[PDB]
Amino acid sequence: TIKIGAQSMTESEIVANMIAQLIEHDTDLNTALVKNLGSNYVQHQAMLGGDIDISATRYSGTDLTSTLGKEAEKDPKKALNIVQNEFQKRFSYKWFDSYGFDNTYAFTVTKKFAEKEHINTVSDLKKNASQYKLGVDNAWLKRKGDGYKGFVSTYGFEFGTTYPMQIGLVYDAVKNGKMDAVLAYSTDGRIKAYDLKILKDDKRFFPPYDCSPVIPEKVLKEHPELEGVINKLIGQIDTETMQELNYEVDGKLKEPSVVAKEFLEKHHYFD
(Lines of atoms letter the chains of each structure in order from A and count residues from 1; the text may use other names and numbers.)
(Lines give C-alpha, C1' and ligand atoms only; values in the text may rest on other atoms or scores of the structure.)
Protein backbone atom coordinates (compact mmCIF):
# COMPACT_ATOMS: atom_id res chain seq x y z
CA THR A 1 0.00 0.00 0.00
CA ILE A 2 1.37 3.39 -1.07
CA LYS A 3 1.15 6.06 1.62
CA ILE A 4 0.45 9.50 0.16
CA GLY A 5 1.09 12.58 2.29
CA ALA A 6 -1.14 15.66 2.17
CA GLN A 7 -0.16 18.91 3.81
CA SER A 8 -2.85 20.89 5.55
CA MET A 9 -3.90 22.74 2.44
CA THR A 10 -6.83 22.20 0.21
CA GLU A 11 -4.51 21.95 -2.81
CA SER A 12 -2.42 19.20 -1.18
CA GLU A 13 -5.55 17.13 -0.40
CA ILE A 14 -6.90 17.46 -3.94
CA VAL A 15 -3.60 16.37 -5.48
CA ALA A 16 -3.11 13.56 -2.91
CA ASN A 17 -6.54 12.13 -3.81
CA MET A 18 -5.78 12.56 -7.50
CA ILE A 19 -2.54 10.55 -7.10
CA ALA A 20 -4.33 7.90 -5.03
CA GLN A 21 -7.08 7.44 -7.64
CA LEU A 22 -4.72 7.45 -10.61
CA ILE A 23 -2.53 4.79 -8.98
CA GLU A 24 -5.52 2.53 -8.34
CA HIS A 25 -6.90 3.12 -11.84
CA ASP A 26 -3.59 2.21 -13.52
CA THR A 27 -2.16 -0.47 -11.23
CA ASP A 28 -2.95 -3.06 -8.52
CA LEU A 29 -1.30 -0.94 -5.81
CA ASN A 30 -3.48 -0.01 -2.86
CA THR A 31 -3.16 3.52 -1.44
CA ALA A 32 -3.65 5.40 1.83
CA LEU A 33 -3.79 9.14 2.55
CA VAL A 34 -1.77 10.60 5.40
CA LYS A 35 -3.50 13.94 5.94
CA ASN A 36 -3.02 17.07 8.05
CA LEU A 37 0.79 17.17 7.76
CA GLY A 38 1.41 20.64 9.25
CA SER A 39 4.26 21.89 7.03
CA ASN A 40 6.96 20.85 4.54
CA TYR A 41 9.13 19.98 7.56
CA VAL A 42 6.46 17.56 8.86
CA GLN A 43 6.13 16.12 5.32
CA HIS A 44 9.90 15.64 5.00
CA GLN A 45 10.27 14.06 8.46
CA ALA A 46 7.36 11.73 7.63
CA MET A 47 9.19 10.66 4.45
CA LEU A 48 12.50 10.15 6.33
CA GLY A 49 10.57 8.01 8.84
CA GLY A 50 8.76 5.98 6.18
CA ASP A 51 5.37 7.27 7.40
CA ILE A 52 4.71 8.43 3.81
CA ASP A 53 5.91 7.08 0.44
CA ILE A 54 4.74 10.06 -1.63
CA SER A 55 4.59 13.79 -0.94
CA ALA A 56 1.70 14.95 -3.12
CA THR A 57 2.72 18.61 -3.09
CA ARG A 58 6.09 20.18 -2.43
CA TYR A 59 7.15 23.68 -3.45
CA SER A 60 10.59 24.60 -4.78
CA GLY A 61 11.29 27.83 -2.82
CA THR A 62 9.84 26.34 0.39
CA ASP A 63 12.19 23.34 0.69
CA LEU A 64 15.10 25.26 -0.87
CA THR A 65 15.13 27.79 1.97
CA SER A 66 14.20 25.44 4.85
CA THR A 67 15.00 21.75 4.23
CA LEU A 68 18.14 22.54 2.19
CA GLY A 69 19.12 25.68 4.17
CA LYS A 70 20.06 27.53 0.94
CA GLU A 71 19.67 31.14 -0.24
CA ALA A 72 16.42 31.86 -1.94
CA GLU A 73 17.15 31.42 -5.64
CA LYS A 74 14.94 33.76 -7.69
CA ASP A 75 15.00 31.99 -11.07
CA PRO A 76 12.27 29.28 -11.45
CA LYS A 77 14.41 26.89 -13.53
CA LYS A 78 17.60 27.24 -11.45
CA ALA A 79 15.62 26.91 -8.21
CA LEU A 80 13.97 23.70 -9.44
CA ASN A 81 17.29 22.30 -10.70
CA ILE A 82 19.03 22.93 -7.32
CA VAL A 83 16.16 21.37 -5.39
CA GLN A 84 16.11 18.29 -7.70
CA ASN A 85 19.89 17.75 -7.61
CA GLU A 86 20.04 18.23 -3.82
CA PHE A 87 17.13 15.87 -3.11
CA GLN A 88 18.84 13.20 -5.20
CA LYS A 89 22.31 13.77 -3.65
CA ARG A 90 21.22 14.09 0.00
CA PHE A 91 18.31 11.64 0.21
CA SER A 92 18.01 9.68 -3.09
CA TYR A 93 14.58 11.31 -3.27
CA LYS A 94 13.14 12.14 -6.68
CA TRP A 95 11.67 15.68 -6.79
CA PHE A 96 9.69 15.49 -10.05
CA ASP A 97 9.26 18.23 -12.65
CA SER A 98 6.31 20.49 -11.86
CA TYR A 99 2.64 19.73 -12.21
CA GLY A 100 2.64 23.07 -14.08
CA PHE A 101 1.80 25.66 -11.40
CA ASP A 102 3.67 27.91 -8.97
CA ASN A 103 1.87 28.50 -5.67
CA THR A 104 3.52 31.62 -4.34
CA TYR A 105 3.04 33.92 -1.40
CA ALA A 106 1.14 36.88 -2.83
CA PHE A 107 0.30 40.16 -1.08
CA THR A 108 -3.41 40.54 -1.68
CA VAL A 109 -5.80 43.48 -1.12
CA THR A 110 -9.35 44.44 -2.13
CA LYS A 111 -9.61 46.64 -5.23
CA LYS A 112 -11.36 49.26 -3.06
CA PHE A 113 -8.33 49.42 -0.71
CA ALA A 114 -5.90 49.58 -3.67
CA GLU A 115 -7.84 52.50 -5.20
CA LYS A 116 -8.12 54.38 -1.91
CA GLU A 117 -4.47 53.83 -0.95
CA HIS A 118 -3.03 53.93 -4.44
CA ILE A 119 -1.49 50.47 -4.37
CA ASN A 120 -0.13 48.48 -7.32
CA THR A 121 3.09 47.05 -5.91
CA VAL A 122 4.35 45.73 -2.57
CA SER A 123 6.57 48.85 -2.25
CA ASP A 124 3.46 51.04 -2.54
CA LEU A 125 2.41 49.74 0.88
CA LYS A 126 5.44 51.42 2.50
CA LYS A 127 3.97 54.98 2.75
CA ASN A 128 1.23 53.88 5.20
CA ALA A 129 2.56 50.47 6.35
CA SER A 130 2.35 51.36 10.08
CA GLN A 131 -1.42 51.94 9.59
CA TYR A 132 -2.10 48.48 8.10
CA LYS A 133 -3.17 45.11 9.50
CA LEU A 134 -1.54 42.16 7.68
CA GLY A 135 -2.99 38.64 7.78
CA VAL A 136 -0.44 35.82 7.29
CA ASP A 137 -0.28 32.04 7.80
CA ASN A 138 0.85 30.39 11.05
CA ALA A 139 4.45 29.83 9.85
CA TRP A 140 5.58 32.77 7.69
CA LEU A 141 6.65 35.09 10.54
CA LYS A 142 9.29 32.61 11.70
CA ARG A 143 10.50 31.35 8.31
CA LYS A 144 14.11 31.93 7.28
CA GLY A 145 15.08 33.12 3.79
CA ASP A 146 11.55 33.70 2.42
CA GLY A 147 9.97 34.75 5.74
CA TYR A 148 8.99 38.06 7.39
CA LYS A 149 12.54 38.84 8.57
CA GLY A 150 13.76 38.59 4.97
CA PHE A 151 10.79 40.63 3.78
CA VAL A 152 11.66 43.47 6.20
CA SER A 153 15.31 43.65 5.21
CA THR A 154 14.46 43.62 1.48
CA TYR A 155 11.45 45.95 1.36
CA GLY A 156 12.76 48.08 4.25
CA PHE A 157 9.55 48.27 6.30
CA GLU A 158 7.27 46.47 8.77
CA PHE A 159 3.48 46.33 8.90
CA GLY A 160 1.79 48.03 11.87
CA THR A 161 0.22 44.78 13.04
CA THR A 162 0.65 41.25 11.63
CA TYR A 163 -1.92 38.52 12.36
CA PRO A 164 -0.94 34.86 11.98
CA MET A 165 -3.91 32.58 11.23
CA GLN A 166 -4.87 29.43 9.36
CA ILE A 167 -4.20 30.21 5.67
CA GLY A 168 -7.75 29.21 4.73
CA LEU A 169 -9.06 32.21 6.73
CA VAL A 170 -7.14 35.05 5.02
CA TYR A 171 -9.42 35.33 1.98
CA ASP A 172 -12.53 36.22 3.97
CA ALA A 173 -10.50 38.34 6.42
CA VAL A 174 -9.31 40.60 3.57
CA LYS A 175 -12.62 40.55 1.65
CA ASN A 176 -14.49 41.64 4.80
CA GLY A 177 -12.11 44.51 5.69
CA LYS A 178 -10.82 42.77 8.83
CA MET A 179 -7.29 42.86 7.37
CA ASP A 180 -5.93 45.60 5.07
CA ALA A 181 -3.71 43.06 3.30
CA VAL A 182 -3.03 39.35 3.50
CA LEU A 183 -0.16 37.14 2.42
CA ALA A 184 -2.26 34.73 0.39
CA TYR A 185 -1.30 31.68 -1.71
CA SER A 186 -1.62 32.46 -5.44
CA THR A 187 -3.43 29.22 -6.39
CA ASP A 188 -6.34 29.84 -4.02
CA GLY A 189 -9.55 30.12 -6.05
CA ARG A 190 -11.02 32.72 -3.69
CA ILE A 191 -8.61 35.37 -5.01
CA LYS A 192 -10.52 35.42 -8.35
CA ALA A 193 -13.89 34.56 -6.76
CA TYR A 194 -13.60 37.47 -4.32
CA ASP A 195 -12.30 39.86 -7.04
CA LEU A 196 -9.09 40.52 -5.05
CA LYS A 197 -5.92 42.18 -6.35
CA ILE A 198 -2.51 40.52 -6.19
CA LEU A 199 0.24 43.11 -5.65
CA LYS A 200 3.38 42.91 -7.80
CA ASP A 201 6.44 41.65 -5.87
CA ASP A 202 8.45 44.50 -7.39
CA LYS A 203 11.78 43.68 -5.68
CA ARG A 204 11.42 39.94 -6.43
CA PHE A 205 11.71 39.11 -2.74
CA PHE A 206 9.97 35.75 -3.00
CA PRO A 207 11.64 32.76 -4.61
CA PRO A 208 9.55 30.66 -6.99
CA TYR A 209 7.15 28.05 -5.60
CA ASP A 210 6.69 25.50 -8.42
CA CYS A 211 4.78 22.51 -7.21
CA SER A 212 5.92 18.92 -7.65
CA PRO A 213 5.44 15.47 -6.12
CA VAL A 214 8.40 13.92 -4.25
CA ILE A 215 9.06 10.16 -4.03
CA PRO A 216 12.07 8.17 -2.74
CA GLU A 217 13.96 6.33 -5.51
CA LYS A 218 13.64 3.24 -3.28
CA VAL A 219 9.84 3.41 -3.59
CA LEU A 220 10.06 3.84 -7.39
CA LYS A 221 12.47 0.84 -7.57
CA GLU A 222 10.14 -1.38 -5.46
CA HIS A 223 7.17 -0.41 -7.65
CA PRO A 224 8.46 0.19 -11.24
CA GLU A 225 4.98 1.01 -12.61
CA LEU A 226 4.68 3.96 -10.18
CA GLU A 227 6.79 6.55 -12.09
CA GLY A 228 4.59 6.12 -15.20
CA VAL A 229 1.45 6.96 -13.25
CA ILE A 230 3.00 10.07 -11.67
CA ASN A 231 4.37 11.07 -15.10
CA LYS A 232 0.78 11.41 -16.36
CA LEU A 233 0.23 14.48 -14.13
CA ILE A 234 3.54 16.20 -14.82
CA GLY A 235 2.96 19.42 -16.78
CA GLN A 236 -0.80 18.84 -16.77
CA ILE A 237 -2.06 21.38 -14.22
CA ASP A 238 -1.53 25.10 -14.78
CA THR A 239 -2.38 27.73 -12.14
CA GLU A 240 -5.81 28.63 -13.56
CA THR A 241 -6.79 24.92 -13.42
CA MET A 242 -5.39 24.58 -9.88
CA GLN A 243 -7.37 27.67 -8.80
CA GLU A 244 -10.56 26.18 -10.22
CA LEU A 245 -9.96 22.86 -8.45
CA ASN A 246 -9.15 24.62 -5.17
CA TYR A 247 -12.36 26.62 -5.44
CA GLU A 248 -14.43 23.45 -5.99
CA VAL A 249 -13.42 22.50 -2.41
CA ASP A 250 -13.14 25.91 -0.69
CA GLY A 251 -16.04 27.75 -2.35
CA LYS A 252 -18.43 24.93 -3.34
CA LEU A 253 -17.52 22.79 -0.28
CA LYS A 254 -16.97 19.57 -2.30
CA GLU A 255 -14.83 16.75 -0.94
CA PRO A 256 -11.27 16.75 -2.39
CA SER A 257 -11.84 13.07 -3.37
CA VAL A 258 -14.87 14.11 -5.45
CA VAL A 259 -13.00 17.06 -7.03
CA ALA A 260 -10.04 14.79 -7.89
CA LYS A 261 -12.34 12.15 -9.39
CA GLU A 262 -14.17 14.67 -11.61
CA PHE A 263 -10.86 16.11 -12.86
CA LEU A 264 -9.52 12.64 -13.74
CA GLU A 265 -12.76 11.66 -15.56
CA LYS A 266 -12.72 14.82 -17.68
CA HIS A 267 -9.17 13.94 -18.82
CA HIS A 268 -9.99 10.22 -19.14
CA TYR A 269 -7.33 9.49 -16.49
CA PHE A 270 -4.77 10.74 -19.05
CA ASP A 271 -5.31 7.34 -20.78
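In case it trips you up, residue 1 is the first one in the sequence shown, and so on. The term rigid core refers to the most C-alpha atoms you can superpose between the two forms while keeping them within 1.5 Å.
J.: Out of 97-105 and 164-172, which shows the greater rigid core-aligned C-alpha deviation in 4 other deposited structures of this protein?
T.: Of 97-105 and 164-172, the stretch deviating more in 4 other deposited structures of this protein is 164-172.
J.: After fitting on the rigid core, which stretch moves more in 4 other deposited structures of this protein, 113-121 or 77-85, going by C-alpha RMS?
T.: More C-alpha displacement in 4 other deposited structures of this protein shows up in 113-121.
J.: Of the two stretches 178-186 and 116-124, which shows the higher Cα B-factor on average in the entry?
T.: Mean CA B-factor is higher for 116-124.
J.: Out of 215-223 and 45-53, which stretch has the higher average CA B-factor listed in the record?
T.: According to the entry, 215-223 carries the higher average C-alpha B-factor.
J.: I'd like to know which of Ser39, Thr241, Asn30, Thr65 has the highest C-alpha temperature factor in the PDB entry.
T.: Most elevated C-alpha B-factor of the set, per the entry: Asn30.
J.: Taking the Cα B-factors listed in the entry, which of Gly100, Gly147, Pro76, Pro164 comes out highest?
T.: By C-alpha B-factor in the record, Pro164 ranks first.
J.: Split the chain's modelled residues into thirds by Cα B-factor; is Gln236 in the lowest, middle or highest one?
T.: Middle third by C-alpha B-factor.
J.: Consider only the C-alpha atoms of the modelled residues in this chain, order them by B-factor as the entry records it, and name the third containing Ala193: lowest, middle or highest.
T.: For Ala193, the deposited C-alpha B-factor lands in the highest third.
J.: So where's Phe96 on the chain's Cα temperature factor ranking, which third?
T.: CA B-factor rank for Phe96: lowest third.
J.: Is the Cα B-factor recorded for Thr110 in the lowest, middle or highest third of its chain?
T.: Highest third.
J.: For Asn85, does the deposited CA B-factor place it in the lowest, middle or highest third of the chain?
T.: According to the entry, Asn85 has a C-alpha B-factor in the chain's middle third.
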